[PDB]
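Source file: work21.pdb. Holds: PDB, C-alpha atoms.
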ATOM      1  CA  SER A   1      -7.630 -24.169  39.510  1.00  0.00           C
ATOM      2  CA  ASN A   2      -7.111 -20.459  38.878  1.00  0.00           C
ATOM      3  CA  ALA A   3      -4.713 -20.718  35.954  1.00  0.00           C
ATOM      4  CA  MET A   4      -6.577 -18.226  33.794  1.00  0.00           C
ATOM      5  CA  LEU A   5      -5.329 -14.705  34.450  1.00  0.00           C
ATOM      6  CA  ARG A   6      -8.455 -13.114  32.994  1.00  0.00           C
ATOM      7  CA  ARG A   7      -9.250 -11.441  36.310  1.00  0.00           C
ATOM      8  CA  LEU A   8      -6.377  -9.005  35.914  1.00  0.00           C
ATOM      9  CA  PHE A   9      -7.897  -5.586  35.343  1.00  0.00           C
ATOM     10  CA  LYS A  10      -4.551  -4.226  34.196  1.00  0.00           C
ATOM     11  CA  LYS A  11      -5.962  -1.112  32.533  1.00  0.00           C
ATOM     12  CA  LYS A  12      -9.145  -2.338  30.885  1.00  0.00           C
ATOM     13  CA  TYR A  13     -10.000   1.323  30.377  1.00  0.00           C
ATOM     14  CA  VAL A  14      -8.111   1.580  27.098  1.00  0.00           C
ATOM     15  CA  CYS A  15      -9.561   5.044  26.545  1.00  0.00           C
ATOM     16  CA  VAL A  16      -6.371   7.067  26.857  1.00  0.00           C
ATOM     17  CA  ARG A  17      -6.129  10.835  27.135  1.00  0.00           C
ATOM     18  CA  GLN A  18      -2.645  12.318  27.383  1.00  0.00           C
ATOM     19  CA  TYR A  19      -0.860  15.134  25.522  1.00  0.00           C
ATOM     20  CA  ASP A  20      -3.668  16.292  23.246  1.00  0.00           C
ATOM     21  CA  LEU A  21      -3.327  19.044  20.653  1.00  0.00           C
ATOM     22  CA  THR A  22      -3.125  18.292  16.936  1.00  0.00           C
ATOM     23  CA  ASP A  23      -0.831  15.255  17.033  1.00  0.00           C
ATOM     24  CA  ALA A  24      -3.747  13.574  18.787  1.00  0.00           C
ATOM     25  CA  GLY A  25      -3.674  10.872  16.127  1.00  0.00           C
ATOM     26  CA  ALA A  26      -0.979   9.070  18.094  1.00  0.00           C
ATOM     27  CA  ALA A  27      -2.989   9.269  21.306  1.00  0.00           C
ATOM     28  CA  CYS A  28      -6.246   8.034  19.785  1.00  0.00           C
ATOM     29  CA  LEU A  29      -4.409   5.272  17.918  1.00  0.00           C
ATOM     30  CA  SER A  30      -2.942   4.122  21.233  1.00  0.00           C
ATOM     31  CA  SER A  31      -6.488   3.714  22.557  1.00  0.00           C
ATOM     32  CA  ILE A  32      -7.307   1.393  19.662  1.00  0.00           C
ATOM     33  CA  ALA A  33      -3.980  -0.416  19.945  1.00  0.00           C
ATOM     34  CA  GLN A  34      -4.808  -1.160  23.575  1.00  0.00           C
ATOM     35  CA  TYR A  35      -8.444  -2.032  22.785  1.00  0.00           C
ATOM     36  CA  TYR A  36      -7.356  -4.552  20.136  1.00  0.00           C
ATOM     37  CA  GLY A  37      -5.114  -6.160  22.743  1.00  0.00           C
ATOM     38  CA  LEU A  38      -1.827  -4.908  21.320  1.00  0.00           C
ATOM     39  CA  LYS A  39      -1.290  -2.397  24.134  1.00  0.00           C
ATOM     40  CA  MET A  40       0.959   0.403  22.904  1.00  0.00           C
ATOM     41  CA  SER A  41       2.277   3.528  24.612  1.00  0.00           C
ATOM     42  CA  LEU A  42       1.338   6.893  23.108  1.00  0.00           C
ATOM     43  CA  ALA A  43       4.912   8.131  22.853  1.00  0.00           C
ATOM     44  CA  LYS A  44       6.004   5.137  20.786  1.00  0.00           C
ATOM     45  CA  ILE A  45       2.996   5.507  18.492  1.00  0.00           C
ATOM     46  CA  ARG A  46       3.910   9.099  17.609  1.00  0.00           C
ATOM     47  CA  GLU A  47       7.392   7.938  16.593  1.00  0.00           C
ATOM     48  CA  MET A  48       5.946   5.159  14.439  1.00  0.00           C
ATOM     49  CA  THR A  49       3.124   7.122  12.834  1.00  0.00           C
ATOM     50  CA  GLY A  50       5.262  10.144  12.124  1.00  0.00           C
ATOM     51  CA  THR A  51       2.360  12.302  13.202  1.00  0.00           C
ATOM     52  CA  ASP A  52       3.071  15.846  12.124  1.00  0.00           C
ATOM     53  CA  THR A  53       2.276  18.553  14.647  1.00  0.00           C
ATOM     54  CA  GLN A  54       1.303  20.666  11.665  1.00  0.00           C
ATOM     55  CA  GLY A  55      -1.961  18.876  10.913  1.00  0.00           C
ATOM     56  CA  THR A  56      -0.733  15.452   9.773  1.00  0.00           C
ATOM     57  CA  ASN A  57      -2.805  13.235   7.475  1.00  0.00           C
ATOM     58  CA  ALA A  58      -4.190   9.843   8.458  1.00  0.00           C
ATOM     59  CA  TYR A  59      -2.157   8.152   5.714  1.00  0.00           C
ATOM     60  CA  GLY A  60       0.907   8.209   7.946  1.00  0.00           C
ATOM     61  CA  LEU A  61      -1.265   7.417  10.942  1.00  0.00           C
ATOM     62  CA  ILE A  62      -2.546   4.210   9.350  1.00  0.00           C
ATOM     63  CA  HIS A  63       1.006   3.470   8.226  1.00  0.00           C
ATOM     64  CA  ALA A  64       1.879   2.577  11.816  1.00  0.00           C
ATOM     65  CA  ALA A  65      -1.478   0.934  12.543  1.00  0.00           C
ATOM     66  CA  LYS A  66      -0.851  -1.629   9.793  1.00  0.00           C
ATOM     67  CA  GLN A  67       2.392  -2.495  11.578  1.00  0.00           C
ATOM     68  CA  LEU A  68       0.643  -2.778  14.937  1.00  0.00           C
ATOM     69  CA  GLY A  69      -1.503  -5.686  13.803  1.00  0.00           C
ATOM     70  CA  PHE A  70      -4.650  -3.989  12.547  1.00  0.00           C
ATOM     71  CA  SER A  71      -5.278  -3.020   8.946  1.00  0.00           C
ATOM     72  CA  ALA A  72      -6.140   0.673   8.818  1.00  0.00           C
ATOM     73  CA  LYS A  73      -7.235   2.610   5.740  1.00  0.00           C
ATOM     74  CA  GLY A  74      -8.209   6.228   5.201  1.00  0.00           C
ATOM     75  CA  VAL A  75     -11.328   6.739   3.107  1.00  0.00           C
ATOM     76  CA  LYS A  76     -14.104   9.260   2.561  1.00  0.00           C
ATOM     77  CA  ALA A  77     -17.674   8.524   3.606  1.00  0.00           C
ATOM     78  CA  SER A  78     -21.029  10.206   4.057  1.00  0.00           C
ATOM     79  CA  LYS A  79     -22.746  11.121   7.336  1.00  0.00           C
ATOM     80  CA  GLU A  80     -25.265   8.267   7.054  1.00  0.00           C
ATOM     81  CA  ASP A  81     -22.436   5.847   6.265  1.00  0.00           C
ATOM     82  CA  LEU A  82     -21.243   6.278   9.859  1.00  0.00           C
ATOM     83  CA  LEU A  83     -24.243   4.237  10.940  1.00  0.00           C
ATOM     84  CA  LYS A  84     -23.826   1.322   8.552  1.00  0.00           C
ATOM     85  CA  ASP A  85     -20.183   0.927   7.510  1.00  0.00           C
ATOM     86  CA  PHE A  86     -18.057   0.720  10.635  1.00  0.00           C
ATOM     87  CA  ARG A  87     -19.320  -0.356  14.031  1.00  0.00           C
ATOM     88  CA  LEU A  88     -16.047  -1.293  15.702  1.00  0.00           C
ATOM     89  CA  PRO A  89     -13.704   1.444  17.068  1.00  0.00           C
ATOM     90  CA  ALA A  90     -12.183   3.498  14.264  1.00  0.00           C
ATOM     91  CA  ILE A  91     -10.224   6.719  13.737  1.00  0.00           C
ATOM     92  CA  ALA A  92     -12.037   9.765  12.398  1.00  0.00           C
ATOM     93  CA  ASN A  93     -10.425  12.870  10.948  1.00  0.00           C
ATOM     94  CA  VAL A  94     -12.106  15.603  12.895  1.00  0.00           C
ATOM     95  CA  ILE A  95     -11.516  19.342  12.795  1.00  0.00           C
ATOM     96  CA  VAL A  96     -11.402  21.370  16.002  1.00  0.00           C
ATOM     97  CA  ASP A  97     -11.652  25.182  16.170  1.00  0.00           C
ATOM     98  CA  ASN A  98     -12.334  24.856  12.429  1.00  0.00           C
ATOM     99  CA  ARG A  99      -8.559  24.909  11.983  1.00  0.00           C
ATOM    100  CA  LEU A 100      -6.639  22.272  13.927  1.00  0.00           C
ATOM    101  CA  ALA A 101      -6.616  18.752  12.532  1.00  0.00           C
ATOM    102  CA  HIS A 102      -7.689  16.336  15.242  1.00  0.00           C
ATOM    103  CA  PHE A 103      -8.474  12.622  15.507  1.00  0.00           C
ATOM    104  CA  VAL A 104     -10.913  10.663  17.673  1.00  0.00           C
ATOM    105  CA  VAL A 105     -11.962   7.030  18.121  1.00  0.00           C
ATOM    106  CA  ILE A 106     -15.585   6.069  17.535  1.00  0.00           C
ATOM    107  CA  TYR A 107     -16.704   3.711  20.286  1.00  0.00           C
ATOM    108  CA  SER A 108     -20.470   3.533  19.747  1.00  0.00           C
ATOM    109  CA  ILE A 109     -23.140   5.211  17.616  1.00  0.00           C
ATOM    110  CA  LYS A 110     -26.770   4.892  18.681  1.00  0.00           C
ATOM    111  CA  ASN A 111     -29.877   7.097  18.892  1.00  0.00           C
ATOM    112  CA  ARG A 112     -28.038   9.694  16.785  1.00  0.00           C
ATOM    113  CA  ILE A 113     -25.529   9.873  19.627  1.00  0.00           C
ATOM    114  CA  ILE A 114     -21.966   9.417  18.442  1.00  0.00           C
ATOM    115  CA  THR A 115     -19.656   8.410  21.265  1.00  0.00           C
ATOM    116  CA  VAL A 116     -15.996   9.059  20.572  1.00  0.00           C
ATOM    117  CA  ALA A 117     -12.858   8.699  22.639  1.00  0.00           C
ATOM    118  CA  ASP A 118     -11.220  12.103  22.729  1.00  0.00           C
ATOM    119  CA  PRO A 119      -7.573  12.193  23.936  1.00  0.00           C
ATOM    120  CA  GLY A 120      -8.311  15.412  25.804  1.00  0.00           C
ATOM    121  CA  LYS A 121     -11.702  15.079  27.476  1.00  0.00           C
ATOM    122  CA  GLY A 122     -12.080  11.308  27.267  1.00  0.00           C
ATOM    123  CA  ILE A 123     -15.401   9.675  26.449  1.00  0.00           C
ATOM    124  CA  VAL A 124     -17.448  12.452  24.886  1.00  0.00           C
ATOM    125  CA  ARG A 125     -20.912  12.347  23.339  1.00  0.00           C
ATOM    126  CA  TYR A 126     -21.377  14.148  20.035  1.00  0.00           C
ATOM    127  CA  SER A 127     -24.739  14.506  18.361  1.00  0.00           C
ATOM    128  CA  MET A 128     -25.084  13.005  14.874  1.00  0.00           C
ATOM    129  CA  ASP A 129     -25.305  16.368  13.097  1.00  0.00           C
ATOM    130  CA  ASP A 130     -22.712  17.979  15.375  1.00  0.00           C
ATOM    131  CA  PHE A 131     -20.199  15.242  14.631  1.00  0.00           C
ATOM    132  CA  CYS A 132     -20.884  15.652  10.914  1.00  0.00           C
ATOM    133  CA  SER A 133     -20.030  19.330  11.350  1.00  0.00           C
ATOM    134  CA  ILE A 134     -16.561  18.599  12.733  1.00  0.00           C
ATOM    135  CA  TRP A 135     -15.908  15.378  10.822  1.00  0.00           C
ATOM    136  CA  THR A 136     -15.016  16.432   7.292  1.00  0.00           C
ATOM    137  CA  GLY A 137     -15.206  13.138   5.399  1.00  0.00           C
ATOM    138  CA  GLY A 138     -12.098  11.524   6.792  1.00  0.00           C
ATOM    139  CA  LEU A 139     -12.579   8.004   8.053  1.00  0.00           C
ATOM    140  CA  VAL A 140     -10.061   5.353   8.920  1.00  0.00           C
ATOM    141  CA  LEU A 141     -11.375   1.810   8.852  1.00  0.00           C
ATOM    142  CA  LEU A 142      -9.572  -0.691  11.041  1.00  0.00           C
ATOM    143  CA  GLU A 143      -9.742  -4.460  11.317  1.00  0.00           C
ATOM    144  CA  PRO A 144      -7.851  -6.884  13.605  1.00  0.00           C
ATOM    145  CA  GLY A 145      -5.903  -8.758  10.947  1.00  0.00           C
ATOM    146  CA  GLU A 146      -2.906 -10.367  12.619  1.00  0.00           C
ATOM    147  CA  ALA A 147      -4.190  -8.964  15.908  1.00  0.00           C
ATOM    148  CA  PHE A 148      -6.760 -11.759  15.959  1.00  0.00           C
ATOM    149  CA  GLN A 149      -5.448 -15.327  16.174  1.00  0.00           C
ATOM    150  CA  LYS A 150      -7.094 -17.548  13.568  1.00  0.00           C
ATOM    151  CA  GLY A 151      -7.955 -21.225  13.545  1.00  0.00           C
TER
END
Can I see the file as structure tokens?
Amino acid sequence: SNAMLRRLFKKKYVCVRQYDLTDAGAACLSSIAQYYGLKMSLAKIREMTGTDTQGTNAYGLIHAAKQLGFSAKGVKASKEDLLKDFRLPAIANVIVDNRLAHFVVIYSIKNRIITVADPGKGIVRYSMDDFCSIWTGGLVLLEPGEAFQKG
């Protein structure tokens, strides 16, 4: 019996990187959407989030996430809080070129190495202090609410 279709590697690499700039929030959200098993295309996300190409805020970003099945919330945290609060993939408000508002997905943080999914370069490794230089206190916490079947 091979009734279980759990051998289908239909894009297990949910780390997406396509059309990166400042509206990256849509792209990084898509990575999470896929990771959480919702599987969403980046173009549709941008139309749901309403991601402004002028440096949008995560409040509209999370506005679509909540509708995708995972409760997302934008909050402020401290550098050391990155190590204790959220472990699961989350969206971080990160500033690039000290000007453009950007967003990345935290995948793993260990040994002061912060691994984020960047919609331009892909899986990139940022050092603890380096990440705290670009991350300006903008964290989005996510949790698989209706994305995770109960019972």
Each range 82-111 of chain A residue no farther than 12 Å from range 8-21 of chain A, nearest pair in Å, all atoms listed in the file, as CSV:
residue,atom,partner,partner_atom,distance
A:89,CA,A:15,CA,11.0
A:95,CA,A:21,CA,11.4
A:96,CA,A:21,CA,9.6
A:97,CA,A:21,CA,11.3
A:99,CA,A:21,CA,11.7
A:100,CA,A:21,CA,8.2
A:101,CA,A:21,CA,8.8
A:102,CA,A:21,CA,7.5
A:103,CA,A:21,CA,9.7
A:104,CA,A:15,CA,10.6
A:105,CA,A:15,CA,9.0
A:106,CA,A:15,CA,10.9
A:107,CA,A:15,CA,9.6
Length of the CA of residue 67 in chain A to CA of residue 29 in chain A vector [Å]: 12.1 Å
Using the chain letters and numbering of this document, enumerate as a list in words the residues selected by the PyMOL selection byres ((chain A and resi 70) around 9). residues 33, 36, 65, 66, 67, 68, 69, 71, 72, 142, 143, 144, 145, 146, 147 and 148 of chain A
Would you put the residues from that selection into a file with C-alpha atoms, as a PDB file, in the coordinates of the input?
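As a result, out.pdb now contains:
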ATOM      1  CA  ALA A  33      -3.980  -0.416  19.945  1.00  0.00           C
ATOM      2  CA  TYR A  36      -7.356  -4.552  20.136  1.00  0.00           C
ATOM      3  CA  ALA A  65      -1.478   0.934  12.543  1.00  0.00           C
ATOM      4  CA  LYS A  66      -0.851  -1.629   9.793  1.00  0.00           C
ATOM      5  CA  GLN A  67       2.392  -2.495  11.578  1.00  0.00           C
ATOM      6  CA  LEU A  68       0.643  -2.778  14.937  1.00  0.00           C
ATOM      7  CA  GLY A  69      -1.503  -5.686  13.803  1.00  0.00           C
ATOM      8  CA  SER A  71      -5.278  -3.020   8.946  1.00  0.00           C
ATOM      9  CA  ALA A  72      -6.140   0.673   8.818  1.00  0.00           C
ATOM     10  CA  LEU A 142      -9.572  -0.691  11.041  1.00  0.00           C
ATOM     11  CA  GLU A 143      -9.742  -4.460  11.317  1.00  0.00           C
ATOM     12  CA  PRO A 144      -7.851  -6.884  13.605  1.00  0.00           C
ATOM     13  CA  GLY A 145      -5.903  -8.758  10.947  1.00  0.00           C
ATOM     14  CA  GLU A 146      -2.906 -10.367  12.619  1.00  0.00           C
ATOM     15  CA  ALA A 147      -4.190  -8.964  15.908  1.00  0.00           C
ATOM     16  CA  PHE A 148      -6.760 -11.759  15.959  1.00  0.00           C
TER      17      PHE A 148
END
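Between residue 81 in chain A and the candidates A:51, A:133, A:109, A:38, the tightest atom-to-atom separation, counting only C-alpha atoms, involves A:109.
Checking A:6, A:112, A:43, A:134 one by one against residue 80 in chain A, counting all atoms listed in the file, you find the shortest gap at A:112.
The set of residues that the PyMOL selection byres ((chain A and resi 55) around 8) takes from this file is residues 22, 23, 52, 53, 54, 56, 57, 100, 101 and 102 of chain A.
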Within 9 Å of (-24.1, 7.9, 14.8) (coordinates as in the file), grab all the protein and nucleic acid residues, counting all atoms listed in the file, and write them out as number ranges by chain. A: 79-83, 108-115, 126-129, 131
Please report the interatomic distance between CA of residue 87 in chain A and CA of residue 119 in chain A in Å with one decimal.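 Going from CA of residue 87 in chain A over to CA of residue 119 in chain A, I get 19.8 Å.
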Nearest residue to residue 136 in chain A from the set A:32, A:94, A:24, A:88 (distances using only C-alpha atoms):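 Of A:32, A:94, A:24, A:88, the one nearest residue 136 in chain A, counting only C-alpha atoms, is A:94.
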